Structures are given as C-alpha cells and as structure tokens.
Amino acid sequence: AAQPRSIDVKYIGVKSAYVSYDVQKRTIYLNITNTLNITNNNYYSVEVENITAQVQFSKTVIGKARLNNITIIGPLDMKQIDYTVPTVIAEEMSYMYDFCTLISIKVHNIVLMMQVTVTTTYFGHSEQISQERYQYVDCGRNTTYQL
C-alpha cells in the first residue's frame, strides 16, 4: 500500500439535460447535468480545491462551469458529484437549430466533448487530474432523471 495514491476521477455521463430553443435567434439552450465519481484510496484526508469543466461541440466550447471548495474527502472514501453546465449552440453553428428541431427523425443524437479538471491538494502539494470524454446527448428533447 504505497502512498500518495492519486485521486481517481471517473466521468459517469449525463444524468439530465433540458433543452430550449429560441426561433428568432436560432439557438439551442442545453442544460447538461453531469455526474462525476471521485475516489480517494489514501489513508489520509484530501481536499478537492476546485473543479473546472467545459462542454465542447464541433471543436468549439459551448459552455463552462466552475466549482469552488467542493468538499474534504476522508480516507478510503468516495464522493458522487453532480455539476450542471448551461450551454448554448448558436451563431457559427446555427445549423444545429434545424437538425435538433428536425421532425422527420424521432431522436436527435449529437456528440459533445466533455472536459473536466479536478484539482486536489495533499500535504501542501497540488495535484491536477483532467479528462476528455466524448458523450452522447439528445438535443431534440429533454433527458430527465427521477430516482
């Protein structure tokens, strides 16, 4: 059991996603709630200084969120962390309005690029853990979640 074992960050997926459309500005409003698994396999507490995440589409950042003072994670513990990222697809990518409001197809799946960076500090050292994962989202309807 050799320490310091680095924090373990697993990107789960999209728990919920609510969509709104503005006809006149030809924009999609896309609120994505992501779930994050953070595991501490050390026998000492470690604190998660902050989390910064950004939603990307067509190689273009469409949304961003910042979380501060997440929580202290005790020894051998893990925390499930949900964070919501409001995103907007408009202007240069306004063609997505037509596709996402397309009637001839019943489901409208697009691929978003999720980026997240978790900064943890232990014993006066700051470690940084980042991930990039591609994630499916349905931009043609809400994706809800009810326990």
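Note that residue numbering begins at 1 and tracks the sequence as displayed.
J.: Of the three thirds of its chain by CA temperature factor, lowest, middle or highest, which one includes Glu91?
T.: Its C-alpha B-factor belongs to the highest third of this chain's values.
J.: Give the position of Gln24 by CA B-factor within its chain, expressed as the lowest, middle or highest third.
T.: For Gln24, the deposited C-alpha B-factor lands in the highest third.
J.: Could you tell me which third, lowest, middle or highest, the C-alpha B-factor of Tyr11 occupies within its chain?
T.: Bottom third by C-alpha B-factor.
J.: In terms of the chain's CA B-factor thirds, is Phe123 lowest, middle or highest?
T.: Tercile = middle for this residue's CA B-factor.
J.: Please place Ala53 in the lowest, middle or highest third of its chain according to the CA B-factor in the PDB entry.
T.: Answer is middle: the recorded C-alpha B-factor places it there.
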